[PDB]
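Per chain, numbering begins at 1; letters A, B, ... match sequence-line order.
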There are 2 protein chains.
Amino acid sequence: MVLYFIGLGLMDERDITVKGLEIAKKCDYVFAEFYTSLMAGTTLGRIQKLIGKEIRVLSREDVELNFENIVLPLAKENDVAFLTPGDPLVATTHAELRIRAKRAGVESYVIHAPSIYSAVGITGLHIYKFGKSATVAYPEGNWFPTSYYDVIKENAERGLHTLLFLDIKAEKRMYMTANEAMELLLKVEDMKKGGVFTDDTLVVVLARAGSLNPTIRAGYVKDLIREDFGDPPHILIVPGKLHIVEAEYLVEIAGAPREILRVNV
Amino acid sequence: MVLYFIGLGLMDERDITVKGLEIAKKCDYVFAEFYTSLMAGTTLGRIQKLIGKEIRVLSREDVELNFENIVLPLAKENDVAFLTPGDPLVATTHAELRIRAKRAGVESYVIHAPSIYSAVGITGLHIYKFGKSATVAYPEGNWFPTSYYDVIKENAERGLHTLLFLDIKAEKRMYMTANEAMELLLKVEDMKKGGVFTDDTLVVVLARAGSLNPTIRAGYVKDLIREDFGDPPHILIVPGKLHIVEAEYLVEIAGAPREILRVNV
Ligand SMILES: Nc1ncnc2c1ncn2[C@@H]1O[C@H](CSCC[C@H](N)C(=O)O)[C@@H](O)[C@H]1O
Ligand SMILES: Nc1ncnc2c1ncn2[C@@H]1O[C@H](CSCC[C@H](N)C(=O)O)[C@@H](O)[C@H]1O
Ligand code: NA
C-alpha cells in the first residue's frame with residue numbers, strides 16, 4: 001500500500017531508530033542502497049537478520065533510472081521499505097523519489113536516522129555556525145571540480161564553518177579520505193591562490209562517526225595531511241572564526257595544538 | 001567509569017536508535033533533560049517504560065551548573081546515561097560537558113539520533129544549501145532582538161536557506177508557533193526595511209518532524225501566516241532561490257503554489 005524511506009544511520013545496523021526497525025519488520029518487501037555512503041561491511045547481513053527479511057540491494061542506476069519500475073510497482077499492493085545509509089534525504093537526491101512515488105499513486109513516509117550532517121556536533125563546533133556545505137569530488141579525466149574551494153572562502157569570510165562531504169564511488173570501492181581531500185584542496189589553492197586553504201589552515205577531521213570510537217582530530221594541514229585517521233568514511237571541516245569553548249573542545253577532545261586556544265577576536 | 005550521551009531523537013520514544021536503547025538499558029543510572037527541547041509525541045512515562053529504567057530528570061541549572069556533582073560522580077564507578085532530545089551535542093553548550101567528563105577522569109561516548117538539522121531534508125530543500133542557522137526569540141520588556149533577521153538576509157543574499165528555530169519555554173511548556181514567528185519577522189521588517197521578510201516572502205513550515213505524519217507546508221507569508229500547522233513543535237525555513245527540483249518537491253509534496261516554479265527559481 002505504501003513506501004517507507006528508512007534511514008539506517010551513521011555507521012551500523014544499530015543506528016536505525018526503533019521506529020524504523022519496527023516498521024521495517026512489518027513491510028512485505030525491503031530494498032536498500034549502499035552507494036550514497038559507507039556503513040559497516042556487516043550492516044546488510046545483520047540488518048537482514050535484525051528485520052528478519054531478505055533485502056534486495058539496488059545500484060545507483062537501478063534507483064535513478066528504474067526506481068518506478070522496480071520498487072514502486074510493489075508499493076501498489078504491498079508495504080515496501082527502501083533503506084539507505086544515514087538519513088535518506090540528506091546529501092542525496094532521494095527526495096525526488098517521493099515525487100515519483102506520488103505520480104505513481106503511491107503514498108510515501110520518511111523515517112529519519114542519525115546523519116553525518118548533525119553528527120558534526122561531536123567536533124565541538126557549534127552547529128548553528130556552519131554555513132553552506134560542499135562536496136570534494138574526485139577529478140575525472142581532464143575535469144577538475146573546484147567549486148567546493150569557493151564555498152570555504154565564502155563561509156570563512158562570514159566567520160562560518162564549512163562541512164565538506166567527501167566523494168564516494170561505491171561500485172569502484174573508492175571512498176575519499178580526509179587526506180586525499182586536503183591534497184586536492186592544496187592543489188586548488190595553488191591554482192586560485194586565494195589564501196583559502198594552505199599548510200597553515202586549521203582543519204577538523206571526523207572519521208567513522210556513529211561508531212563508539214570515532215576518530216576526531218583537529219590541527220594544521222601541514223600536520224594532519226599525512227596522518228592516519230583510520231578507515232573511511234571521513235568528512236573534512238574547515239572552521240571559521242572560533243568561539244573560546246569551540247577551541248577548548250578541539251584541544252581537549254580532538255587533540256588540537258594548544259596554540260589554537262588563543263583566538264584572534 | 002563511563003558516561004553515555006544518548007540522543008532520543010525527534011518526537012517520540014521510538015526515535016531513539018537501537019544502539020541507544022540497548023546501551024541505555026545496560027546503564028546503572030539514567031539521566032535526562034527536557035529544557036533544550038521537549039519530546040511532544042511522548043511522555044516521560046512512555047520513555048521510562050521503553051528503557052525499563054528509572055529516569056532522573058535534570059533542569060538547566062542541574063546540567064549547566066552542577067553536571068559534575070550530579071552526573072559525573074556516579075559515572076566514576078558505574079555506567080551512566082544522559083538522554084537528550086534530538087542528537088547529542090547539537091545544543092550549543094552540551095559539547096562542553098565532555099570536557100567536564102575528561103577533567104573528572106570519566107570516559108564518555110556519544111550515541112547519535114535524528115536531529116531537526118538533518119530531518120529538515122524532508123522539506124525537499126537541499127541540505128548543502130542551508131547557511132547559518134538562528135533562533136527567533138520573543139521580544140521582552142525593552143529588549144527587541146533582531147539578529148535572526150540579519151542571518152536570513154546574509155544567507156538569502158548568497159542563495160542559501162535559513163533554518164529558524166522557534167523560541168520555547170520548556171519549563172512553562174510554551175512553544176512559539178510558526179505563525180507567531182512570521183508576525184515577528186514582519187514587525188522586524190517594518191523596522192529595518194531591508195526587504196528581507198515580507199508578505200511576498202516564500203517560507204516553509206515543518207511541524208512534528210519525526211512523526212509518520214508531519215505537517216510540511218510551503219507558500220507565501222500572506223497566505224500561511226494564519227494557517228493552522230497543527231501542534232508544536234514548529235520550525236520555520238526561509239529558503240533562498242530554489243533549484244527547480246526543490247520547487248517541484250515543495251509543490252508536489254508540501255502543497256506549495258504553482259507560482260513558486262517561476263517566481264522563486
Ligand atoms: N559515519 C560517517 N563518518 C564520517 N563521514 C560520514 C559518515 N557517514 C557519512 N559521511 C560522510 O558523508 C558522505 C556521504 S553523503 C550521504 C550522507 C547521508 N545521507 C547521511 O545522512 O549521513 C561520505 O562520503 C562521508 O564524507
Ligand atoms: N520534531 C521537530 N519538528 C520541528 N521542529 C523541531 C522538532 N524538534 C525540535 N524542533 C525545533 O527545534 C527547537 C529546539 S532546538 C533542540 C534540537 C535538538 N538538539 C535536535 O538535535 O533536534 C524547537 O523550538 C523547534 O523549533
Ligand atoms: Na547547517
Side-chain angles (χ1 to χ4, degrees), chain A residues 7 9-10 12-19 21-23 50 86-91 93 95-96 98-99 102-103 109-119 121-135 154 158 160 163 165 209-210 212-214 245-246 248-249 252-253, chain B residues 7 9-10 12-19 21-22 50 86-96 98-99 102-103 109-119 121-122 124 126-135 154-155 158 160 163 165 209-210 212-214 245-246 248-249 252-253:
Chain A
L10 294 163
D12 56 71
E13 78 288 337
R14 294 204 299 162
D15 293 318
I16 187 174
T17 61
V18 171
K19 178 176 291 170
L21 181 62
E22 306 194 332
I23 288 179
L50 206 54
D87 179 294
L89 317 182
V90 175
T93 54
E96 184 270 327
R98 298 198 69 194
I99 295 173
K102 182 191 176 186
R103 288 178 178 173
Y109 300 78
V110 179
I111 310 306
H112 303 283
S115 173
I116 186 65
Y117 191 71
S118 63
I122 200 173
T123 63
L125 294 170
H126 300 332
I127 191 162
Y128 73 87
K129 284 177 69 177
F130 278 75
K132 186 180 189 174
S133 299
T135 299
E154 178 185 291
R158 306 173 60 186
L160 306 176
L163 168 62
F165 295 94
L212 291 179
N213 310 89
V245 71
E246 288 180 312
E248 286 177 341
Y249 185 103
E252 294 296 333
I253 307 297
Chain B
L10 304 162
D12 57 68
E13 77 286 343
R14 297 200 299 161
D15 292 329
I16 183 175
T17 65
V18 172
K19 181 177 293 172
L21 176 59
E22 304 193 320
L50 176 63
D87 193 23
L89 275 65
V90 159
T92 306
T93 64
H94 283 10
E96 188 277 332
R98 297 195 71 199
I99 296 176
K102 185 184 179 192
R103 296 291 173 65
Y109 303 86
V110 179
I111 297 71
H112 299 279
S115 166
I116 184 63
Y117 269 97
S118 49
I122 193 169
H126 303 325
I127 227 66
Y128 81 92
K129 291 179 68 176
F130 280 83
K132 181 179 185 175
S133 304
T135 298
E154 296 298 293
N155 286 335
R158 301 170 171 71
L160 304 177
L163 174 57
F165 291 76
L212 288 180
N213 303 292
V245 175
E246 291 178 310
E248 287 168 344
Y249 184 102
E252 301 303 320
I253 312 297

Residue selection (most heavy-atom pairs with chain B, distance under 4.5 Å) from A:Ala91, A:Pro214, A:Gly210: A:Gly210
Is it the side chain or the backbone of A:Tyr117 that comes within 4.5 Å of chain B heavy atoms, both, or neither? side chain
Where does A:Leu10 contact chain B at under 4.5 Å (heavy atoms): side chain, backbone, both or neither? side chain
Which atoms of A:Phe130 come close to chain B, meaning under 4.5 Å heavy atom to heavy atom: side chain ones, backbone ones, both, or neither? backbone
N/O donor-acceptor pair under 3.5 Å between B:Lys19 side chain and A:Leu212 backbone: no
Give, as side chain, backbone, both or neither, the part of A:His126 having an atom under 4.5 angstrom from any heavy atom of chain B. side chain
Examine whether an atom of A:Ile111 lies under 4.5 Å from a heavy atom of chain B, and if so say whether it belongs to the side chain, the backbone or both; otherwise answer neither. side chain
Best-contacting candidate, A:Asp12, A:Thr123, A:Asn213, A:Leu163, against chain B by heavy atom pairs under 4.5 angstrom: A:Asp12
Closest heavy-atom pair and its distance - B:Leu89, B:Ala95: CG-CA, 3.6 Å
Heavy-atom distance under 4.5 Å to chain B: side chain of A:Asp87, backbone, both or neither? side chain
Non-hydrogen atoms of A:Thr17 and B:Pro114 that approach each other most closely: CG2-CG, 3.7 Å
Per-residue contact mode, A:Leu160 against chain B (heavy atom under 4.5 angstrom): side chain
Using a cut-off of under 4.5 Å on heavy-atom pairs, state which of B:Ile122, B:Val110, B:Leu50 scores highest against chain A. B:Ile122
One pair to check against side-chain contact (heavy atoms from CB on, under 4.5 Å): B:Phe165 and B:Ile116. What are the steps and the verdict? CA-CA 9 Å; B:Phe165 291 76; B:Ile116 184 63; 3.3 Å; yes
Side chain, backbone, both or neither: which part of B:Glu22 has an atom under 4.5 Å from a heavy atom of chain A? side chain
Checking heavy atoms, do the side chain of A:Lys132, its backbone, both or neither come under 4.5 Å from chain B? both
Most heavy-atom pairs under 4.5 Å with chain B, out of A:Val245, A:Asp15, A:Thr93, belong to A:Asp15
Quick check on B:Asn155 against chain A: is it the side chain, the backbone, both or neither that has a heavy atom closer than 4.5 Å? both
Select one option (side chain, backbone, both, neither) describing which atoms of A:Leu21 are under 4.5 Å from chain B's heavy atoms. side chain
If every non-hydrogen atom of A:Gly86 is compared with every non-hydrogen atom of A:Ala113, which pair is closest and at what distance? O-CB, 3.4 Å
dist B:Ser118:OG -> B:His112:NE2 (nearest 0.5 Å) comes out at 11.0 Å
Which portion of B:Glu246 sits near chain A, non-hydrogen atoms under 4.5 angstrom: neither
Considering all heavy atoms, the nearest A:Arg98-B:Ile253 contact: NH1-CG2, 3.8 Å
Ignoring hydrogens and angles, tell me if any N or O in the side chain of B:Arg158 forms a donor-acceptor pair with the backbone of B:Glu154 under 3.5 Å. yes
Please tell me if the side chains of B:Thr92 and A:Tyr128 come closer than 4.5 Å, counting only heavy atoms from C-beta onward. yes
Note: vs chain B, highest number of non-hydrogen pairs under 4.5 angstrom among A:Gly121, A:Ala209, A:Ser133 is A:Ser133
Taking every non-hydrogen pair under 4.5 Å, which of B:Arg103, B:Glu96, B:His94 racks up the most with chain A? B:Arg103
